[PDB]
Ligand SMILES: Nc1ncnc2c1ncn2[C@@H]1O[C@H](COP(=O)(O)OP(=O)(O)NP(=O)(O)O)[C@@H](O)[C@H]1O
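Before any questions on how it binds or moves, here is one chain, the form deposited without the ligand, in structure tokens.
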């Protein structure tokens, strides 16, 4: 409930800090004047997240990184079970033999997204294996809120928050560290008796409006890890790059700059491929000796279908033996149960009648929600119950005490928040070489938000 003028002053303080710190994005049709940018949509205050849930999300990221790395490794062998059609087509095309040894190292830059269910437990709503965004702006919104607290902007008399509870993410720096690590492992594969300064190629979308989020990684790579980079669209890839047919190494025509890492910030949706040449550009990159982040299989490993398959204890067990790690993951999954007499089905029926409010009954015509479940099933013979499945419902913690700033307008409405956990993993055909937690993100609905632990 900020005073109307307390709020107005607070809003301009946000605009001034954000612009001064590049917490920005290009508005539509920025191509008409690329020297103008706007403040990114953000909340004014941090959103409360339970400390216990946050620590578990952070702690479990390495286990998810490893899981998807193992799934990717398994998929590289048609002797297992694990838009997607074209991607798969490109994959098969990379199987074609070449005269140079192919690049075995892959870089996975991921992000796990959770909802804080309070039917507190984190529930995974998504695991992203390709082109994850906002690692750069996340750091800035966190620092914006921290500053507003420490500079007495939230309250002229003093901080209204305990700095020890305000999360400040280093995702921008950590993602750049992951890219620098991939470049060094590329260089380390073969030394030179000449200077070698391979770079990171950012493959971007034409007319990218969120470039400033990406620029943070480019600048950290340079200033912190001495690594240079270039921004290329599928057009630029087709026009400016070439492959040494003897080594498969990727270079930029005329300049001779060598590309060690192909970092995708586009290519995760059917419209990212505007023409057939764009598909050929992707294939061309995947075939090169450069380390892809991510390569085709890694991207495919994140298919919603596979995510669904992994919610099955039996399937999960095939990739994770440890009982402890297995239970930590399943705990975060949205549970689904059949209503037959199989082992799981008996559990389903027991839950449907003992804790109905936690679920929704969906047909395999209408769904039946929560407290209406028992009565509904009572009117159907138990033998026909398997005509439906029981699905766990997520009831997120709504924040009613926050203000969303967008285009200089403030909105004081209820918001739901999604917790994002970045993760980075470097792996080859059979082993994981590097596995790390890479920062956090919080988005409400959309806009960037920050975390306050309680």
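Positions refer to the first chain, counted from 1.
The same protein also exists as the form deposited with the ligand bound; that form is not shown, yet it is the one meant from here on.
Student: Between 242, 376, 369, 100, only one gets a heavy atom within 4.5 angstroms of the ligand in the deposited complex; which residue is that?
Tutor: It is 369.
Student: The ligand isn't shown here, but in the deposited complex which of 87, 316, 360, 283 has a heavy atom within 4.5 Å of it?
Tutor: That would be 360.
Student: Go through 404 to 412, 32 to 40, 56 to 64, 391 to 399 and give me the stretch that gets within 4.5 Å of the ligand in the deposited complex, heavy atoms only.
Tutor: Checking each option against the 4.5 Å cut-off leaves 391 to 399.
Student: I'd like to know if residue 126 sits close to the ligand in the deposited complex, meaning any non-hydrogen atom pair within 4.5 angstroms.
Tutor: Yes, residue 126 is a contact residue.
Student: Is it the case that residue 230, even though its partner is missing from this view, gets within 4.5 Å of the ligand in the deposited complex, heavy atoms only?
Tutor: Contact check for residue 230: no, nothing within 4.5 Å of the ligand in the deposited complex.
Student: With a 4.5 Å heavy atom cut-off, would you call residue 115 a contact of the ligand in the deposited complex?
Tutor: Because a heavy atom of residue 115 falls inside 4.5 Å of the ligand in the deposited complex, the answer is yes.
Student: Does the 4.5 Å heavy atom contact test between residue 96 and the ligand in the deposited complex come out positive?
Tutor: Residue-level check for residue 96: no, no contact with the ligand.
Student: Which residues in 405 to 426 have a heavy atom within 4.5 Å of the ligand in the deposited complex?
Tutor: Heavy-atom contacts within 4.5 Å come from 418 alone.
Student: If one rigid part turns against another between the shown form and the other one, which of 334, 433, 268, 209 falls at the hinge?
Tutor: Answer to the hinge question: 334.
Student: Relative to what's shown here, the Cα pair residue 343 and residue 330 differs by 3 Å or more in the deposited complex. Does it come closer or drift farther?
Tutor: Farther apart in the deposited complex, by 3 Å or more.
Student: Residue 390 and residue 419: do their C-alpha atoms lie closer or farther in the deposited complex than in the form you see, with a change of 3 Å or more?
Tutor: Relative to the displayed form, residue 390 and residue 419 draw closer in the deposited complex - a change of at least 3 Å between their C-alphas.
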